[PDB]
Amino acid sequence: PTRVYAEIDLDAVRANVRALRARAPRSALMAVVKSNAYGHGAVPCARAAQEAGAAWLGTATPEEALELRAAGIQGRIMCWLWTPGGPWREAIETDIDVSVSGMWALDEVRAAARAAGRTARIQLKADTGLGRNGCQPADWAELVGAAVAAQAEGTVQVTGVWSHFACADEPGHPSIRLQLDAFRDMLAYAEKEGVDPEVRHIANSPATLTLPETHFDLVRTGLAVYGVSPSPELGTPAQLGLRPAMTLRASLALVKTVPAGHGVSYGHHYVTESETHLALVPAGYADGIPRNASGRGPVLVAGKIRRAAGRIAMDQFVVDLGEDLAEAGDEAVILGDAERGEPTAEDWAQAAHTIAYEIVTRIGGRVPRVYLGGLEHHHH
Amino acid sequence: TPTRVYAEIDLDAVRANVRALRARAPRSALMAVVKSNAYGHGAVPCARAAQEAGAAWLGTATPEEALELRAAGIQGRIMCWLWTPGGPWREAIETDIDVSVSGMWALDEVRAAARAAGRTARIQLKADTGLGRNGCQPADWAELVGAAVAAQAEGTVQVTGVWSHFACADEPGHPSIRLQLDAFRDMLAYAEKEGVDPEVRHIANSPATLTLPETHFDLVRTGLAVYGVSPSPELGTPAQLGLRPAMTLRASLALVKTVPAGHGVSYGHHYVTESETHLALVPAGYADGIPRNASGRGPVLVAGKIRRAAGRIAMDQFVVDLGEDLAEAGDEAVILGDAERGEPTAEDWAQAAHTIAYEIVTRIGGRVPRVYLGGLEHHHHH
Ligand SMILES: Cc1ncc(COP(=O)(O)O)c(CN[C@@H]2CONC2=O)c1O
Ligand SMILES: Cc1ncc(COP(=O)(O)O)c(CN[C@@H]2CONC2=O)c1O
Ligand SMILES: [Cl-]
């Protein structure tokens with residue numbers, strides 16, 4: 001690549017899960033590789049993680065997990081975002097743990113297990129307060145009654161019971177101890193109606209890094225696997241011992257001199273104060289560069305951190321080097337490692353008024369990924 | 001048909017939009033701009049649709065997007081302008097692609113390339129008339145203009161056109177507009193006198209095309225308007241401008257349940273139910289292209305009524321408050337589509353997320369499948 005590409009370090013990835021493994025000594029690890037691994041490459045990161053000690057693999061959509069098996073990845077895998085008509089049968093045949101939050105899901109899977117002549121491994125999801133997916137406390141008895149019954153009929157096998165936190169990245173939030181308590185009480189009742197789960201889990205990356213009383217048998221870690229801290233309130237990847245996996249770089253396409261008082265970019269939302277040097281970065285919002293980052297986004301050009309000049313276009317944006325010099329083809333680092341003096345996904349989150357989760361995840365397809373580290377077959 | 005979420009592209013809306021646009025610049029050619037996967041609509045399918053409908057030129061930003069079009073079997077004139085040292089000059093020249101030169105480093109590369117390729121490269125000179133983005137500054141025109149006419153004589157290149165791009169065309173009656181138009185006539189002319197005979201002179205994008213007839217010249221570069229979306233509300237709705245929206249984003253509810261009064265919804269708990277009600281889970285989040293920034297305002301059409309994103313929008317989904325109404329898993333929700341059909345539109349979302357329509361349709365995820373209608377059967381094979 002010469003215009004813009006993403007450099008993924010697989011050694012950073014492996015070291016992260018080894019760090020996270022130590023953080024929860026008595027628990028099992030679940031590397032979440034959903035959404036193309038938050039933009040780093042689903043399969044490469046799935047193999048690296050697993051190699052480093054990942055016992056489970058989790059994704060959102062059935063398609064995402066199927067594609068994981070398609071690439072010959074063994075071990076326990078699980079998905080949780082189903083919609084009526086999903087590929088229940090296919091998932092069951094590949095021995096993937098599908099999740100259930102309602103009777104409709106349970107009924108769809110039970111019928112699929114029949115056609116497949118096999119038993120689906122299912123995990124019941126408790127809605128302990130997030131109010132997103134999962135079963136409400138008011139319908140827990142009912143759904144729990146059906147599982148054990150569908151279990152007796154040998155059609156399904158309840159392998160686990162799980163929930164998910166709403167403000168776990170906000171240390172001290174009252175909503176946290178609530179859900180955690182509601183989790184225990186819901187688990188008891190189900191464990192009493194004839195359910196012996198293979199795994200018990202509720203924690204995510206922030207919960208994992210903060211509350212041990214929430215580790216149980218398994219922990220589902222996503223973002224931290226990529227060396228990005230869930231929130232500033234928890235620390236920088238550096239303080240967390242996490243190492244950034246992606247480095248986004250580009251080459252300048254033009255460097256010119258313009259008189260003082262010259263407008264730059266759409267809407268001329270930036271006017272040159274004095275005759276200066278204007279560089280051109282060939283990466284716009286279609287490549288994943290937030291347009292709300294207009295005027296703030298940091299770029300590492302010529303030994304100094306520069307700022308987005310004016311509006312950010314679909315394909316490119318300009319930067320004012322001032323007195324400094326540079327030429328077409330030169331390297332620019334839009335986001336990378338804080339330990340290398342470069343900008344980070346957090347820096348851009350703040351610049352764009354969003355979160356580090358969005359920054360990395362929304363990095364386009366038009367942008368090639370280049371792998372380094374891990375083993376050779378990982379780079380596929 | 002997709003079970004989670006998907007996008008349907010109406011190829012007839014595309015075919016009709018260009019036929020409308022041409023009738024606006026009667027004495028100028030039309031270059032359809034399908035860069036960025038046709039602003040999220042599917043590059044090859046739309047490129048074919050627009051050609052057959054009347055586009056004489058195709059425009060993409062990068063050489064790769066241009067080499068993909070050729071690789072897909074598309075003929076006719078094509079041009080790309082975003083280049084960096086080491087680009088596929090040779091490959092681009094062999095495939096007969098009009099490229100843009102704004103600096104000398106480019107000229108020397110295409111020259112070395114036209115040499116290896118044993119062919120003459122058709123180049124177009126970009127002039128920076130105010131945008132301050134790309135193109136030659138007025139103070140380096142003669143230098144570039146000179147070296148060019150020199151490359152001509154050597155038989156390496158061939159200057160096929162002189163152009164430029166506006167900064168505030170989409171802002172009706174902006175001072176920058178006239179100022180930029182003026183520089184064009186002066187910079188262009190000089191190039192003529194010094195020898196250059198251009199095949200085409202262009203400067204108009206969608207807004208300028210729709211508003212200023214004196215910006216047409218030989219060619220006109222229209223991107224957004226071709227897909228039925230209007231550059232700016234300050235120009236009207238696709239309806240008034242006489243345009244038909246081409247994209248329709250639909251998803252299927254995954255869950256619908258009842259929750260007690262005072263329950264929190266999503267991360268941070270930014271939304272609390274004022275009473276006992278029905279909540280519905282839409283399985284699509286910011287990884288599919290839904291702006292997280294539209295959290296709490298993004299309009300969706302669910303069960304006969306427009307609902308607002310209840311709380312924080314997530315990576316893979318978000319919830320909507322059905323209130324008293326009822327619905328179920330599998331029922332379809334329309335995120336964005338045709339206002340004429342009483343559906344939320346790209347502008348609606350553009351406003352909700354505090355941005356411009358251009359970015360909404362352009363950033364629709366790749367995890368999101370595309371389904372084509374109308375047009376010619378063979379148009380949706382690649
Ligand atoms: C159920 C579940 N568990 C674990 C994770 C991993 O979380 P971290 O990345 O914070 O470690 C996620 C991802 N959460 C997102 C965020 O938005 N939509 C989701 O599915 C999740 O949804
Ligand atoms: C150089 C160039 N020509 C023509 C067009 C087509 O313009 P319309 O889409 O308005 O018809 C664009 C706009 N492309 C975008 C839009 O925003 N930033 C860009 O680079 C462009 O960049
Ligand atoms: Cl130069």
# chains A, B, ... in the order shown; residues from 1 in each chain; ligands from 1
>>> residues_around(residues="residue 25 (chain B)", least_positions_apart="5", cutoff="10 Å", atoms="only C-alpha atoms", output="VMD selection string")
chain B and resid 20 30 209 to 210 212 to 220
>>> select_by_dssp(residues="region 170-362 of chain A", states="helix (DSSP H, G or I)", output="PyMOL selection string")
chain A and resi 174-192+205-210+212-214+223-226+232-234+237-240+266-268+285-287+291-293+338-340+345-352+356-361
>>> closest_atom_pairs(of="chain B", to="chain A", cutoff="8 Å", atoms="only C-alpha atoms", output="JSON lines")
{"residue": "B:3", "atom": "CA", "partner": "A:86", "partner_atom": "CA", "distance": 6.3}
{"residue": "B:4", "atom": "CA", "partner": "A:83", "partner_atom": "CA", "distance": 6.2}
{"residue": "B:36", "atom": "CA", "partner": "A:286", "partner_atom": "CA", "distance": 6.6}
{"residue": "B:61", "atom": "CA", "partner": "A:315", "partner_atom": "CA", "distance": 7.4}
{"residue": "B:82", "atom": "CA", "partner": "A:282", "partner_atom": "CA", "distance": 7.4}
{"residue": "B:83", "atom": "CA", "partner": "A:253", "partner_atom": "CA", "distance": 6.4}
{"residue": "B:84", "atom": "CA", "partner": "A:253", "partner_atom": "CA", "distance": 4.9}
{"residue": "B:85", "atom": "CA", "partner": "A:329", "partner_atom": "CA", "distance": 5.1}
{"residue": "B:86", "atom": "CA", "partner": "A:2", "partner_atom": "CA", "distance": 6.8}
{"residue": "B:87", "atom": "CA", "partner": "A:2", "partner_atom": "CA", "distance": 6.9}
{"residue": "B:103", "atom": "CA", "partner": "A:254", "partner_atom": "CA", "distance": 7.5}
{"residue": "B:105", "atom": "CA", "partner": "A:328", "partner_atom": "CA", "distance": 7.8}
{"residue": "B:130", "atom": "CA", "partner": "A:263", "partner_atom": "CA", "distance": 6.5}
{"residue": "B:131", "atom": "CA", "partner": "A:265", "partner_atom": "CA", "distance": 5.5}
{"residue": "B:132", "atom": "CA", "partner": "A:264", "partner_atom": "CA", "distance": 4.8}
{"residue": "B:133", "atom": "CA", "partner": "A:265", "partner_atom": "CA", "distance": 5.9}
{"residue": "B:134", "atom": "CA", "partner": "A:254", "partner_atom": "CA", "distance": 7.3}
{"residue": "B:137", "atom": "CA", "partner": "A:258", "partner_atom": "CA", "distance": 7.1}
{"residue": "B:166", "atom": "CA", "partner": "A:266", "partner_atom": "CA", "distance": 8.0}
{"residue": "B:167", "atom": "CA", "partner": "A:266", "partner_atom": "CA", "distance": 4.5}
{"residue": "B:168", "atom": "CA", "partner": "A:267", "partner_atom": "CA", "distance": 5.2}
{"residue": "B:252", "atom": "CA", "partner": "A:83", "partner_atom": "CA", "distance": 7.0}
{"residue": "B:253", "atom": "CA", "partner": "A:83", "partner_atom": "CA", "distance": 7.0}
{"residue": "B:254", "atom": "CA", "partner": "A:83", "partner_atom": "CA", "distance": 4.8}
{"residue": "B:255", "atom": "CA", "partner": "A:133", "partner_atom": "CA", "distance": 7.1}
{"residue": "B:259", "atom": "CA", "partner": "A:136", "partner_atom": "CA", "distance": 7.4}
{"residue": "B:263", "atom": "CA", "partner": "A:131", "partner_atom": "CA", "distance": 7.2}
{"residue": "B:264", "atom": "CA", "partner": "A:131", "partner_atom": "CA", "distance": 6.2}
{"residue": "B:265", "atom": "CA", "partner": "A:131", "partner_atom": "CA", "distance": 4.9}
{"residue": "B:266", "atom": "CA", "partner": "A:130", "partner_atom": "CA", "distance": 5.3}
{"residue": "B:267", "atom": "CA", "partner": "A:166", "partner_atom": "CA", "distance": 4.4}
{"residue": "B:268", "atom": "CA", "partner": "A:167", "partner_atom": "CA", "distance": 5.1}
{"residue": "B:269", "atom": "CA", "partner": "A:166", "partner_atom": "CA", "distance": 6.9}
{"residue": "B:281", "atom": "CA", "partner": "A:132", "partner_atom": "CA", "distance": 6.8}
{"residue": "B:283", "atom": "CA", "partner": "A:81", "partner_atom": "CA", "distance": 7.5}
{"residue": "B:286", "atom": "CA", "partner": "A:358", "partner_atom": "CA", "distance": 7.2}
{"residue": "B:287", "atom": "CA", "partner": "A:362", "partner_atom": "CA", "distance": 6.1}
{"residue": "B:292", "atom": "CA", "partner": "A:354", "partner_atom": "CA", "distance": 7.6}
{"residue": "B:293", "atom": "CA", "partner": "A:354", "partner_atom": "CA", "distance": 7.4}
{"residue": "B:315", "atom": "CA", "partner": "A:358", "partner_atom": "CA", "distance": 7.6}
{"residue": "B:316", "atom": "CA", "partner": "A:60", "partner_atom": "CA", "distance": 7.6}
{"residue": "B:318", "atom": "CA", "partner": "A:132", "partner_atom": "CA", "distance": 7.6}
{"residue": "B:319", "atom": "CA", "partner": "A:132", "partner_atom": "CA", "distance": 6.7}
{"residue": "B:329", "atom": "CA", "partner": "A:84", "partner_atom": "CA", "distance": 6.3}
{"residue": "B:330", "atom": "CA", "partner": "A:84", "partner_atom": "CA", "distance": 5.3}
{"residue": "B:355", "atom": "CA", "partner": "A:292", "partner_atom": "CA", "distance": 7.7}
{"residue": "B:359", "atom": "CA", "partner": "A:285", "partner_atom": "CA", "distance": 7.2}
{"residue": "B:362", "atom": "CA", "partner": "A:286", "partner_atom": "CA", "distance": 6.3}
{"residue": "B:363", "atom": "CA", "partner": "A:286", "partner_atom": "CA", "distance": 6.0}
{"residue": "B:366", "atom": "CA", "partner": "A:365", "partner_atom": "CA", "distance": 7.4}
>>> select_by_dssp(residues="region 84-254 of chain B", states="strand (DSSP E)", output="PyMOL selection string")
chain B and resi 98-101+121-126+157-163+200-204+219-222+247-252
>>> write_last_selection(atoms="C-alpha atoms", output="PDB file, in the first residue's frame")
ATOM      1  CA  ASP B  98      -7.273   9.583 -17.720  1.00  0.00           C
ATOM      2  CA  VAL B  99      -5.150  10.585 -14.725  1.00  0.00           C
ATOM      3  CA  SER B 100      -4.727  13.911 -12.939  1.00  0.00           C
ATOM      4  CA  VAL B 101      -1.447  15.769 -12.415  1.00  0.00           C
ATOM      5  CA  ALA B 121      -0.699   9.022 -21.238  1.00  0.00           C
ATOM      6  CA  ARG B 122      -3.719  11.321 -21.301  1.00  0.00           C
ATOM      7  CA  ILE B 123      -3.396  13.672 -18.340  1.00  0.00           C
ATOM      8  CA  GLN B 124      -5.608  16.397 -16.893  1.00  0.00           C
ATOM      9  CA  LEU B 125      -4.244  19.432 -15.090  1.00  0.00           C
ATOM     10  CA  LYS B 126      -5.918  20.378 -11.821  1.00  0.00           C
ATOM     11  CA  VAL B 157       1.917  12.588 -22.307  1.00  0.00           C
ATOM     12  CA  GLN B 158      -1.093  14.297 -23.837  1.00  0.00           C
ATOM     13  CA  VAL B 159      -3.062  16.991 -22.035  1.00  0.00           C
ATOM     14  CA  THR B 160      -6.711  16.042 -22.411  1.00  0.00           C
ATOM     15  CA  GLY B 161      -8.229  18.431 -19.880  1.00  0.00           C
ATOM     16  CA  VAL B 162      -8.034  21.305 -17.407  1.00  0.00           C
ATOM     17  CA  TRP B 163     -10.194  21.299 -14.278  1.00  0.00           C
ATOM     18  CA  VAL B 200     -12.485  18.914 -21.637  1.00  0.00           C
ATOM     19  CA  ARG B 201     -12.740  21.701 -19.033  1.00  0.00           C
ATOM     20  CA  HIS B 202     -14.696  20.978 -15.871  1.00  0.00           C
ATOM     21  CA  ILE B 203     -15.348  22.412 -12.420  1.00  0.00           C
ATOM     22  CA  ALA B 204     -18.960  21.600 -11.488  1.00  0.00           C
ATOM     23  CA  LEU B 219     -17.906  18.252 -18.448  1.00  0.00           C
ATOM     24  CA  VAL B 220     -19.840  18.043 -15.184  1.00  0.00           C
ATOM     25  CA  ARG B 221     -18.918  15.760 -12.283  1.00  0.00           C
ATOM     26  CA  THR B 222     -22.009  14.620 -10.382  1.00  0.00           C
ATOM     27  CA  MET B 247     -30.957   3.067  -0.801  1.00  0.00           C
ATOM     28  CA  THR B 248     -33.324   1.472   1.741  1.00  0.00           C
ATOM     29  CA  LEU B 249     -31.913   0.085   4.999  1.00  0.00           C
ATOM     30  CA  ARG B 250     -34.122  -2.511   6.733  1.00  0.00           C
ATOM     31  CA  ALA B 251     -33.586  -4.705   9.805  1.00  0.00           C
ATOM     32  CA  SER B 252     -35.557  -7.407  11.656  1.00  0.00           C
TER      33      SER B 252
END
>>> residues_around(residues="residue 110 (chain A)", least_positions_apart="4", cutoff="10 Å", atoms="only C-alpha atoms", output="ChimeraX atom specification")
/A:88-89,104-106,114-116,118-120,147,150-151,153-156
>>> write_last_selection(atoms="C-alpha atoms", output="compact mmCIF listing (two decimals), in the first residue's frame")
# COMPACT_ATOMS: atom_id res chain seq x y z
CA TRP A 88 -29.88 -22.58 13.69
CA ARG A 89 -29.28 -25.96 12.03
CA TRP A 104 -39.23 -18.20 20.13
CA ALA A 105 -35.47 -18.75 20.09
CA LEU A 106 -35.84 -21.92 22.17
CA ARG A 114 -34.49 -32.46 15.36
CA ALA A 115 -33.86 -31.87 11.66
CA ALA A 116 -30.16 -32.07 12.53
CA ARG A 118 -28.38 -33.63 17.19
CA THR A 119 -28.53 -31.68 20.45
CA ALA A 120 -27.98 -27.93 20.54
CA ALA A 147 -35.21 -25.38 29.10
CA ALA A 150 -36.61 -29.38 26.35
CA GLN A 151 -33.53 -30.81 28.04
CA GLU A 153 -36.74 -34.39 25.81
CA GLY A 154 -33.03 -34.65 24.92
CA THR A 155 -33.37 -31.90 22.32
CA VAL A 156 -31.16 -29.26 24.00
>>> residues_around(residues="residue 73 (chain B)", least_positions_apart="5", cutoff="12 Å", atoms="only C-alpha atoms", output="PyMOL selection string")
chain B and resi 44-45+47-48+66-68+95+378-379+381-382
>>> write_last_selection(atoms="C-alpha atoms", output="mmCIF file, in the first residue's frame")
data_model
loop_
_atom_site.group_PDB
_atom_site.id
_atom_site.type_symbol
_atom_site.label_atom_id
_atom_site.label_comp_id
_atom_site.auth_asym_id
_atom_site.auth_seq_id
_atom_site.Cartn_x
_atom_site.Cartn_y
_atom_site.Cartn_z
ATOM 1 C CA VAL B 44 -19.730 -1.977 -10.319
ATOM 2 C CA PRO B 45 -23.570 -2.301 -10.378
ATOM 3 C CA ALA B 47 -21.264 2.212 -12.731
ATOM 4 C CA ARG B 48 -23.003 0.035 -15.351
ATOM 5 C CA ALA B 66 -10.532 2.687 -11.391
ATOM 6 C CA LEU B 67 -8.687 -0.546 -12.075
ATOM 7 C CA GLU B 68 -11.539 -2.479 -10.474
ATOM 8 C CA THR B 95 -5.694 0.377 -19.180
ATOM 9 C CA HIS B 378 -26.496 -8.361 -15.778
ATOM 10 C CA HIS B 379 -25.994 -5.098 -13.865
ATOM 11 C CA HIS B 381 -23.541 -9.774 -11.224
ATOM 12 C CA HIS B 382 -20.402 -8.164 -9.778
#
>>> closest_atom_pairs(of="chain B", to="ligand 3", cutoff="9 Å", atoms="only C-alpha atoms and all ligand atoms", output="tab-separated table")
residue	atom	partner	partner_atom_place_in_ligand_line	distance
B:102	CA	ligand 3	1 (Cl)	8.0
B:103	CA	ligand 3	1 (Cl)	4.4
B:104	CA	ligand 3	1 (Cl)	4.2
B:105	CA	ligand 3	1 (Cl)	5.0
B:106	CA	ligand 3	1 (Cl)	7.6
B:107	CA	ligand 3	1 (Cl)	8.9
B:144	CA	ligand 3	1 (Cl)	8.9
>>> write_last_selection(atoms="N, CA and C atoms", output="mmCIF file, in the first residue's frame")
data_model
loop_
_atom_site.group_PDB
_atom_site.id
_atom_site.type_symbol
_atom_site.label_atom_id
_atom_site.label_comp_id
_atom_site.auth_asym_id
_atom_site.auth_seq_id
_atom_site.Cartn_x
_atom_site.Cartn_y
_atom_site.Cartn_z
ATOM 1 N N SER B 102 -1.188 17.344 -10.570
ATOM 2 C CA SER B 102 -1.286 18.633 -9.882
ATOM 3 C C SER B 102 0.079 19.134 -9.426
ATOM 4 N N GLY B 103 1.079 18.262 -9.521
ATOM 5 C CA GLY B 103 2.431 18.612 -9.124
ATOM 6 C C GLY B 103 3.426 18.104 -10.149
ATOM 7 N N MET B 104 4.709 18.367 -9.929
ATOM 8 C CA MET B 104 5.713 17.918 -10.880
ATOM 9 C C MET B 104 6.107 16.471 -10.633
ATOM 10 N N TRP B 105 6.158 16.063 -9.365
ATOM 11 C CA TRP B 105 6.522 14.684 -9.040
ATOM 12 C C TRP B 105 5.631 13.694 -9.790
ATOM 13 N N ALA B 106 4.374 14.076 -10.003
ATOM 14 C CA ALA B 106 3.426 13.231 -10.721
ATOM 15 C C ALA B 106 3.826 13.181 -12.189
ATOM 16 N N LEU B 107 3.962 14.362 -12.788
ATOM 17 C CA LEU B 107 4.334 14.477 -14.194
ATOM 18 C C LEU B 107 5.518 13.590 -14.544
ATOM 19 N N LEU B 144 4.145 24.325 -14.132
ATOM 20 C CA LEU B 144 3.515 23.044 -14.441
ATOM 21 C C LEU B 144 3.026 23.049 -15.886
#
>>> residues_near_ligand(ligand="ligand 1", cutoff="6 Å", atoms="only C-alpha atoms and all ligand atoms", output="PDB file with N, CA and C atoms, in the first residue's frame")
ATOM      1  N   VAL A  32     -13.398 -12.207  22.581  1.00  0.00           N
ATOM      2  CA  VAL A  32     -14.495 -11.801  21.713  1.00  0.00           C
ATOM      3  C   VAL A  32     -13.910 -11.194  20.446  1.00  0.00           C
ATOM      4  N   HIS A 164     -24.990  -9.491  31.246  1.00  0.00           N
ATOM      5  CA  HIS A 164     -24.067  -8.478  30.721  1.00  0.00           C
ATOM      6  C   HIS A 164     -24.249  -7.106  31.420  1.00  0.00           C
ATOM      7  N   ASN A 204     -17.216  -8.476  31.447  1.00  0.00           N
ATOM      8  CA  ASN A 204     -16.633  -8.071  30.165  1.00  0.00           C
ATOM      9  C   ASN A 204     -15.224  -7.504  30.429  1.00  0.00           C
ATOM     10  N   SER A 205     -14.643  -6.785  29.472  1.00  0.00           N
ATOM     11  CA  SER A 205     -13.294  -6.233  29.662  1.00  0.00           C
ATOM     12  C   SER A 205     -13.137  -5.342  30.903  1.00  0.00           C
ATOM     13  N   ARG A 220     -15.659 -12.781  29.426  1.00  0.00           N
ATOM     14  CA  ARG A 220     -15.706 -12.452  28.006  1.00  0.00           C
ATOM     15  C   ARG A 220     -14.973 -11.142  27.732  1.00  0.00           C
ATOM     16  N   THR A 221     -13.731 -11.244  27.263  1.00  0.00           N
ATOM     17  CA  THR A 221     -12.909 -10.066  26.980  1.00  0.00           C
ATOM     18  C   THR A 221     -12.823  -9.699  25.498  1.00  0.00           C
ATOM     19  N   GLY A 222     -13.134  -8.445  25.179  1.00  0.00           N
ATOM     20  CA  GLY A 222     -13.071  -7.980  23.803  1.00  0.00           C
ATOM     21  C   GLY A 222     -11.993  -6.926  23.570  1.00  0.00           C
ATOM     22  N   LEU A 223     -12.373  -5.654  23.661  1.00  0.00           N
ATOM     23  CA  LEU A 223     -11.460  -4.530  23.422  1.00  0.00           C
ATOM     24  C   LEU A 223     -10.082  -4.613  24.067  1.00  0.00           C
TER      25      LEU A 223
ATOM     26  N   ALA B 314     -25.422   0.935  20.110  1.00  0.00           N
ATOM     27  CA  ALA B 314     -24.229   0.118  20.333  1.00  0.00           C
ATOM     28  C   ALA B 314     -23.528  -0.342  19.067  1.00  0.00           C
ATOM     29  N   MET B 315     -22.544  -1.218  19.253  1.00  0.00           N
ATOM     30  CA  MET B 315     -21.775  -1.740  18.139  1.00  0.00           C
ATOM     31  C   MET B 315     -22.631  -2.563  17.205  1.00  0.00           C
ATOM     32  N   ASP B 316     -23.450  -3.458  17.759  1.00  0.00           N
ATOM     33  CA  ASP B 316     -24.283  -4.329  16.924  1.00  0.00           C
ATOM     34  C   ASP B 316     -25.777  -4.112  16.983  1.00  0.00           C
TER      35      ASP B 316
END
>>> residues_around(residues="residue 138 (chain B)", least_positions_apart="3", cutoff="9 Å", atoms="only C-alpha atoms", output="PyMOL selection string")
chain B and resi 127-129+141-142+183+187
>>> residues_around(residues="residue 372 (chain B)", least_positions_apart="5", cutoff="8 Å", atoms="only C-alpha atoms", output="MDAnalysis selection string")
chainID B and resid 8:11 380
>>> closest_atom_pairs(of="chain B", to="ligand 2", cutoff="7 Å", atoms="only C-alpha atoms and all ligand atoms", output="tab-separated table")
residue	atom	partner	partner_atom_place_in_ligand_line	distance
B:33	CA	ligand 2	6 (C)	5.8
B:165	CA	ligand 2	1 (C)	5.8
B:205	CA	ligand 2	7 (O)	4.3
B:206	CA	ligand 2	11 (O)	3.5
B:207	CA	ligand 2	10 (O)	6.0
B:221	CA	ligand 2	4 (C)	4.9
B:222	CA	ligand 2	11 (O)	3.6
B:223	CA	ligand 2	11 (O)	3.4
B:224	CA	ligand 2	9 (O)	4.0
B:225	CA	ligand 2	11 (O)	6.1
B:231	CA	ligand 2	10 (O)	6.3
B:358	CA	ligand 2	16 (C)	6.6
